[PDB]
Every structure is written in structure tokens, then in C-alpha cells.
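Just below is one structure, and these are the notes that go with it.
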Amino acid sequence: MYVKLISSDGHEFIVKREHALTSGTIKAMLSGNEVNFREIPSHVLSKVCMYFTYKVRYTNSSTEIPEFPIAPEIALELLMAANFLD
Amino acid sequence: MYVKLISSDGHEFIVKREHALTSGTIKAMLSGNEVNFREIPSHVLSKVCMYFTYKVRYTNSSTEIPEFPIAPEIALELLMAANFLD
Amino acid sequence: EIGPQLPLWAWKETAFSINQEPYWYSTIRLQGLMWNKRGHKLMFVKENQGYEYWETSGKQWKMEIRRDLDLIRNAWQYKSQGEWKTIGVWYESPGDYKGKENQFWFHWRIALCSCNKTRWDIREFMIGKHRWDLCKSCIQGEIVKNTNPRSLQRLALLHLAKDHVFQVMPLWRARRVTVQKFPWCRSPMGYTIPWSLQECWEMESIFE
Amino acid sequence: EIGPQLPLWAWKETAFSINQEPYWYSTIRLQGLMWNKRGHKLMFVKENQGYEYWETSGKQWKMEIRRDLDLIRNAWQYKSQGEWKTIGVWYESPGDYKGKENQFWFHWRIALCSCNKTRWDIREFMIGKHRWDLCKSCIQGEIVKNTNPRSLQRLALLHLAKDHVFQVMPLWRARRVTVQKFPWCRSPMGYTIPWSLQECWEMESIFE
Amino acid sequence: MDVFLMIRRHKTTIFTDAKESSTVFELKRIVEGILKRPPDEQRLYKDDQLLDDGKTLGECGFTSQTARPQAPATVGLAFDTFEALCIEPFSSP
Amino acid sequence: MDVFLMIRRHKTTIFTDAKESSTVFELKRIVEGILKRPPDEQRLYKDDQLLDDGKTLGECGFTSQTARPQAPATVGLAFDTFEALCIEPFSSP
Amino acid sequence: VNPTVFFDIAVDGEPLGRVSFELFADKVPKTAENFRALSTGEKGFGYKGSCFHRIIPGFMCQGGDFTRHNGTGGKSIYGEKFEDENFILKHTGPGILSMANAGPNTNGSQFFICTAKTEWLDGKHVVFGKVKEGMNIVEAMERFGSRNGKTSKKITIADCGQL
Amino acid sequence: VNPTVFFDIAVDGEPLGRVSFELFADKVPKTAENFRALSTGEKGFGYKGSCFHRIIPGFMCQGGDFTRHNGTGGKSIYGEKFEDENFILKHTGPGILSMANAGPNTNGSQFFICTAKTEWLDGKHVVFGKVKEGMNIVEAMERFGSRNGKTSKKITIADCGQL
Ligand SMILES: [Zn+2]
Ligand SMILES: [Zn+2]
């Protein structure tokens, strides 16, 4: 139902499992509760957590699809966690 | 009902008036029975008489419209009477 | 040798997998070379509640207008006889296309060719003259303009004007105008494999 | 003077009624001059129950087939993933057009540009590199090919690849192939005013 | 499906249209208003064989394809290479 | 028209979705399964004004436009520039 | 200052049109004077009665063989043949007049008119004339050509003279 | 036989690519030797560290001012400036290398590469080189140009030498 995520500095999150299976690494770890990350920044983790709900909610509907707001500064290190997670 | 046409050599034809009003000169002469032509060849007149019925019959229908058979030799003097008639 | 008849036989390379090098690539090259600086061009004049063009011909004019409406398209109304007609924006079936706007393209193709299209002089073709100056597609347009739609003068003249050769006009031609959008010509019969005798006999001329 | 910067300022005539001579006619002339001997071309190979083309790229292939059916049209099936898809013969509404064949034109535009589209090297963009060699439309195609359709890698990379300049490809380009008919491209968004970020994020790559 | 027919005599021709199912009685009526003669002196001829009044054009051999307006057939009348030749007086005042 | 809300305490955040017409009783039930505490020690706070149990989110000020998933709002809990800060113990075995 | 010449074309009997050529004399006197003398025919022999023996559509039209009428002839007022001239002038698109020679320094009387932007006609032939009026006539003549150079009909020059 | 040279491009720090030029020495020894000597830099001064000061997109790219870096410089091994050379060679499309001079007989060290079929660059400049490998690099450099010739970023040459 609920899975646990740990950031680099200790930022700890709880995520619904339906959104949790979206990530390949999370799916692999759960298939093989509590998930720990070592180098993922807290702000980057907070930004990437919301994309799971954004994708799940708008998976079927394609009416407007508002643009995802990404700052130019944060996009450089967003891929840092995006590649590792997926 | 029926109008009379006379060729150069005496070839005399009878034409239904509905087809007769197609020609401008014939219409003008009838508006102002018997119509006489001086320089119209007999063969050219015979060829041009059939075009009246060809146009009247196929005025509305446009299904196939088969090509009108004109010999290359006769086309030079066909215009001779075509211009005078129209 | 006898003259300058070298051209690009040595400079032609192709041969990747196209094969049949003569008469295929050389024909396209000659067609492209001939149609570079031959013909007229569209030009923009006047502007009241709409963009207007009238081309640069001097003998066979053609007026086109485009309004500011159709915010996502192409109306491109053109003047025929005494009224404006819409070229078209979208047709449900190809049958509705071929039969509703062929009049525009037929006159557009002729109006671009550079020929002496003045002094029709109906006294020609009367004593055995053929008027070899005009092309196959130009004399047909002159006949359409100067003859009643279905009388016995579009038929005899067309028969007498069959020996004229036809010049292939490429699809990339009739373009490169100042207009950045232009209507799309979804019809190749007007430029290649020219109009049959049965279609020029039932066409209404734009001019009045 | 300082260099060869004369060009055709004196040789430019125009001035009929177009006006605004600088930056309008010169832009079109430069666009035409640049796109003459730049890019690849279509070529014909193999023939079994159909005409097949695969172009000359060497790194980003594209297979197209055309059967002998459609006796008056254009089927022009092309291979995507592992199946053949029909480009289209006639669409009732413009909405059915934009959304059913944009995948073909998007990959066709990129496959014609001449660039080093090998060694993607995902280790790039990792230590502060931008890969300035590729164009705006080429890096987008590389990202589409090498990324999952909706993961967080088509989005970050697109944001990091926004500074690249876009080259305007004329409509008369992507043509002049050996095929005498070709499909008609009723879409200008792929060649001018390029694709938005919201449309490259939901596109499936042809390659598998 | 109109069938166009001709009656060519001496130098003149008379052209008309009818139906394949239509009999020759109306064809005779057509020439009644031309020659101004009772229906006794006229006998329709087809090729070189006698044509009777009681048989319609449907089985006589006339077909729309072979009697097209571009080339109508000719039957003639009486009182390829060659055909009949006779006389015809003009209408009297 | 789901409304997405956040409860950010000390260093962690809890994110959830609900309805504008939905009351805060189910919101309290959500944290019941997280803090494992009876519905007496928790009092929802909105901005700097006390929030009661008997008033739903429809008239509380929450709107779908202002509570979009791109930027969900935060309310917090108790036992811009600055907000509340408190402690939270982990679950005991 | 610059001399001009006029030609009348006839395609199998009935005439087709009239064309006017302008000859550059200041930049090259020799070939311009030779062409003018051959056209006006003050030494008996002239360009009158010749025939365009080869036309390449969209490419060019060659003619000027008044002796053999087969493309193997050639003559000039100076002599049977002369040598080349300056190559200052260059082809500037369609409707440009230039002498045609089988080989280097072999310029006789076979000229040709180019109706295309041919850039590779450099360093081999001398260009000296340009059409003033009658480009449509040139197109009409060239429309009767063929790839092999054979002419479907006989295109001849009816009259020659200097304005 | 024909000498060849290589250039390494850098656009604002990180390198972009490598290009190779082939120099025609048999047809013209003077300018080819001058360019080779300037590129390899055996007299101290060289092409290393220069900057492409003007790019016209779809038209050309000029550079080679290692003294002033403003387009007003110029130097050569023979001297400050020399006179022209033979004009046998002609432009044959994109990616062709030719020296650029402000006026006649004023060839210094400012060269330029043309990436278009420019036919009017005749009789004014001497063309001596052609790109062997790296045309995509030339396009990438030229894509950063502008109509006025201003460059949005600094495109420099990092290394020079002879193979
Ligand atoms: Zn014409
Ligand atoms: Zn590219």
C-alpha cells in the first residue's frame, strides 16, 4: 500500500504503491516497505515524487496536459536522479 | 414545328424547330418555314445537322458523353459553316 | 568533333542504384534547367480589408484575394467572370476536388507561360495557318477564353490545334511566390499528361 | 572595404510592388542557396511484389514500400517498429490528419539532415556537455529514438537541448526524389515553427 | 435508349428518333406529314428484305449501340456500296 | 476535480489527494494510519487560523486551480516565508 | 554605337516571327564584324537561306552553315578560319549568342544561341551577342527540337539585314 | 604530394570537432606555401589562437586575423602583402577555401571558406583549398552566424599542425 523512500540528507517520504510501481528500480526492489537512496538530493527527490502522481493522474486523459514547470537551474541535477531511478 | 434548310447544291433538309432554335442565325431568321443557304456544302450541312440533336439529347445528361467523330479532312471546312451559322 | 555537344555525360555520376542513366536523369536535369528564368511571377498590390494579387502578365490577368479570416488556413478567393470564388480549404472526397477548382489551375498554368497571347485575330486558321508560336496549353486557353462553352468552335479549333507540342511543367514550379503558405495543388493532370479534349470542351473561361 | 561582403545588394532588383527589399527577399535567396547540395536523397533498391526504398543515411534508416494497387493513388507504406503502416490516401477532416501520420514526417525531416548521428554516448550531458554539433531537430530525434516515450528522460534532455538553433527547411525541399508522384505533406509545423515540447514528449520512435 | 434512324432518298435525307420497342406505325405516321400520302404507297425496306407493319423494331435488328446518333442507320422507302434510287416531287401549293 | 494537498512537518512531507466537497474527517483518517494516534491530538491548521472538523474544504479556501498537482498547497498539523516547526517520533515495533 | 541585326524565321513555309540581335563591337571587333558581314552579305555569301541543323530543347540552338548545310561547313570574311579572341565576356543566362567551334582556334561561321544558365560554356567558345527582342520566337523555335538534335520540321531564315 | 593541414575547433571552451584541408601546390605554389607556413607556424606567428570574426549563414565563413583579431590585419612570410596569382581554379560548390582581399593585389592572411555554389566569386580572389573531412563541423560552425556577420559565440582554433 505505502512504500518508504529515504533521501541523502534524511528526507523521508511515503508513496502510494500504485505510483511506486512506475519506477523500474522501485519495482525491482519491491519484487525482490522501505527503500533507501544515498546520493539523491532532498529537493530533487521532492520534485521527482510529484511527477509520479502527475503521470498517473493524466495517464489516460489528454485534454490539455499543462506544461510541467522545471527551472533551468534544477534541470541539470534532475537527470542525476532520473537516470538512476529509471 | 418543322423548318426547312437549303444547301449550296440543293440538298434540302427538314429540322425540328426545338433543335432549330439552337442556331443563332436560324433563331434570328425565324423571329424576323423556309431557310436558304448559299455557300454551305451538302456534306458539311449533313454533318452539322446531326450536332443539333447530339447537343439537345445530351444537354442534361453527362454520364459518358462519347466523343464526336470528326475526320481531320472535313474539320477544315466544318468551321466554314460553323462560323456563319453561329 | 562537330560542335559543343559534350554537356554533362562525363559529369553525370548517379549509378548508386538508379540505373538507366540516359534519358531519365538527363531529362529531369533539362526540365529543371529550362524552367528557371522562363515565365512570370506573382506580385502584391493594393490592400483594403484583404491581401490582393494580380500577377504580371499584361494580356491575361488573374486577380486573387485573401482575407484575414480562417485563423487556423487558406481561403484564397479568386475573381472569375464577375464574382469571387473560393479555391477551397478542405474536401471530404477526391471527387469533390476534381470538378470544383480545376478552372483555377487550368488558367493558372497558362497565365504563367511567357507567350504572345494578344491579337487573337479570328481571321487566323481561316486560310491555312496554324499559329506555331503558341504552345499546346496556350492555344487551348486562348480558345477557351474566346469561344462559347459548347458551340462548334471549341471542337473544330481543338482538332486543328492538336499538332502543337506540350512542354512538361514541373510540380515544383508554379511556386516560389512571396506568399509563404499558398494553396496546395492536389492535381497533376494540369501540369503533366495534359487535359483531354473532353475536358476543355466543357470549361468556362474566367474572362468575360 | 574590409572583405568580400558585396553579395547581390546591387544585383537585387525586385521593387515591383513587394517593397521591404532587405531581410525578405535576401532571406529567401539565402534559404534556397543553402539547401541545394546539403542532405541525403532517396534511392530505389529491391523489387518483390512492391517498390521498396530505404534512402542513403547509414545511421538512421527508413524503409518505405509501395504496392501496385490503388489504381486511381498513393499507399506508401513505411516500416515502424516491426510493422508496416500506411501514410494515408484521403482524410475526411484535418483533425484525423494531424495525429495519425506526424510520426512519418517527424522522422523524415530529421533523416534528411546531414549530421553525425552516431555514438549517442549517454555519458554526454553528464559532466556539462551540450553536443553543439547536432541541430535542434537532430538532437530531438536522437532523444526520441534513445528514450522511453514518457519517462523522465525525454523531458530533462529536451530542456537541456533548447539553446540549439533551428534551420528553416523549405517546403520545396524533401522532394525531387525519383518518385514521380510522392505523398503530399499537408503540414508545415514540422519544417517551419518546429515541434513544441508537448508534442515531442508523446511521440513513439520508429526504431526499436 | 432512343434509336436514331435515317431515310435517305435520291439526294435528301430525313432523320428522326424513336424507340426500339416502338413499332413502324409511328414511323409511317412521321412520313405521312412529309410526303402527304396515304399509308398505302409507302413500304419500309430494311437492307434487301421486305419489312412488314406488324413487327416492331425490337426484333427487326435495330439496337441502340448500332443506331447511335454518331452514325444512325438508313432504311429508305419505296413506292455499304449501293442502295435504292428513286424520285420525289415537292409539295404542291 | 481532485485537489492535491501536502502536510509538511519538520523535514518530511505527506502528500495526498481529496475532493473539494470532501470534509476533513477523511483527511484526519489518512493521518490516523500514519501517526497511529486517536483523533484528539491532531488539529489541522490552515495558514494562521484555526480549522474546525465540521467545515468542508469547499468553503475553506481550497480550489482545484490553486491546489493543482504542479504546486499542491500545504496545511501542516499540530499537537511564503516561515511556517510551523515541531517533532515527530518514528513508529515503534 | 553597337551594331544590331534582325532575323526573320520561317517554319516550313509560313513565317513564324522576327528576332533582333545586338552585337558587342567595342569589347571584340573581329568576331562582331565577321558576324555582321556574314549576316548582311556584302561579299555575296550570306546567312540568308540557311537552316538550324540542331536544337537541344532547354539547352541551345545551333546554326549558320550556309555552304554545306550539314554542320561541317564554315567560312569567314578574313579567311576559311581564324583564331580565338578575348574571354572577358561570360554567359549570363538564357538567350545569349556565341560562336561554336569544333576545336580550339577553329572558329568558322557556326553560331549558336543558348536559352539556359549554362556555366560550363567557359574557356572553349567566344560569346558576342544577346537577343534584344523576340525571346518568345526563340522559345518557339527551340520547342521543336529533340534530345538527339534532330528537327521534326525545317526551321529556316527568310530575310537578313542590318538596321 | 599535395600537402594537407588539420584544424581543431572550439566553441566557447569545450571543443567541437576537427577538420582537414587539402592544399593545391602544383597549380599555385606561392599562396599554398604561405598558408601552410602560417598554419604550422615555423616563424613564431601562426594561425593558432585566432577567431572567426565573421560568418554569413549559408554563404561563407571568414577568418585568419592573428595580429589584430578585428579583420583589419594581415601578414605573410614573404612580407606584409603580396600580389595576386593565376585564376585557373574556379569555385566548385560548397566547402571551398579561398583567400579574401580588401582590394586587388592586396592578399594578406584573411582566408575564408565558402559553403555554397557561389559563381560570382571570380576574378577577385584566389581559391586554393578544399575541405577533405569535417564538412559537418563546417556546417556546425556556420550555423552560429548571422546576417550582419556578428557571432553569438566565440569560435576559435585550438590546435594547428601539418600531417
Ligand atoms: Zn506558351
Ligand atoms: Zn542536422
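Chains as they are written, first to last, in the authors' numbering: chain G, 17 to 48, 58 to 111; chain E, 17 to 48, 58 to 111; chain C, 18 to 89, 95 to 230; chain F, 18 to 89, 95 to 230; chain H, 1 to 79, 83 to 96; chain I, 1 to 79, 83 to 96; chain A, 2 to 164; chain B, 2 to 164. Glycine included, every Cβ here is placed at the ideal spot set by N, Cα and C.
- With fewer than 16 other beta carbons inside 10 angstroms of its own, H10 (chain H) counts as exposed.
- The beta carbons of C52 (chain B) and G64 (chain B) sit closer together than 8 Å.
- DSSP places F4 (chain H) within a strand segment (E or B) once states are collapsed to three.
- Cβ neighbours of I144 (chain F) within its own chain (closer than 8 Å, five residues either side excluded): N168.
- Secondary-structure assignment with DSSP links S21 (chain B) through a beta bridge to B:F7, B:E134.
- Apart from sequence neighbours up to five positions away, the residues of its chain that approach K118 (chain A) with a beta-carbon distance below 6 Å are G94, ordered along the chain.
- Fewer than three beta-carbon pairs drawn from the region 88-105 of chain E and the region 30-44 of chain C are found closer than 8 Å, and the two stretches are therefore not classed as touching.
- Within chain E, the C-beta atoms nearer than 9 Å to that of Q70 (chain H) come from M75, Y79, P91, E92, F93, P94, in chain order.
- Across the structure, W194 (chain F) and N102 (chain A) are spaced so that their CA atoms are roughly 39 Å apart.
- Ligand 1 has a heavy atom closer than 7 Å to the beta-carbon of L156 (chain C).
- For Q48 (chain C), the enclosing alpha helix (DSSP H) covers residues 42-51.
- Closest in C-alpha terms to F112 (chain A), from the list A:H54, A:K44, A:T152, A:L90, comes A:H54.
- Interface criterion not met: the Cβ of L193 (chain F) is under 8 Å from no Cβ in chain B.
- In this structure the region 207-227 of chain F does not touch the region 101-110 of chain G; the number of beta carbon pairs closer than 8 Å is below three.
- Any Cβ of chain I closer than 8 Å to the Cβ of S87 (chain G) would place that residue at the interface, and such an atom is absent.
- For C222 (chain C), the shortest separation between its Cβ and any heavy atom of ligand 1 does not lie below 7 Å.
- In the DSSP assignment, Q220 (chain C) falls within the unbroken alpha helix (DSSP H) covering 219-222.
- The Cβ of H186 (chain C) sits no closer than 8 Å to any Cβ of chain E.
- Under the Cβ criterion of 8 Å, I14 (chain H) is counted among the residues facing chain E.
- Every beta strand (DSSP E) of 3 residues or more that sits fully in the region 10-55 of chain H is shown, in chain order, as 12-18.
- Scanning its chain for C-beta atoms nearer than 7 Å, with the 5 sequence neighbours on each side dropped, one finds around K82 (chain A) the residues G75, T107, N108, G109, in chain order.
- CA-to-CA, the gap between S21 (chain I) and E86 (chain I) works out to about 26 Å.
- Put simply, the region 180-187 of chain F does not touch the region 57-77 of chain F. Fewer than three CB pairs are less than 8 Å apart.
- A check of alpha carbon separations from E91 (chain H) across H:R8, H:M1, H:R29 identifies H:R8 as the nearest.
- For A100 (chain G), the chain F residues whose Cβ falls inside 8 Å of its Cβ are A178, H181, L182, in order along the chain.
- For the pair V20 (chain A) and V128 (chain A), the CB atoms are not nearer than the 8 Å cut-off.
- Taking 8 Å as the threshold, the shortest C-beta distance from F4 (chain I) to chain G falls below it.
- Cβ-Cβ distances below 8 Å link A196 (chain F) to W130, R131, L134, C207, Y213 in the same chain, with the five nearest sequence neighbours on each side left out; the list follows chain order.
- Per the DSSP secondary-structure output, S209 (chain C) pairs with nothing in a beta bridge.
- Chain G has no Cβ within less than 8 Å of the Cβ of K46 (chain I).
- Relative to ligand 2, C137 (chain F) has its C-beta within less than 7 Å of a heavy atom.
- Under the rule that a run must span 4 or more residues, the alpha helix (DSSP H) segments found entirely inside the region 120-180 of chain F read 124-134, 158-168.
- The alpha-carbon of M136 (chain A) is positioned some 46 Å away from that of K79 (chain F).
- Taking 8 Å as the CB threshold, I161 (chain C) stays off the interface with chain F.
- The alpha-carbon of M60 (chain F) is positioned some 18 Å away from that of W127 (chain F).
- Judged by DSSP in its simplified three-state form, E34 (chain A) adopts helix.
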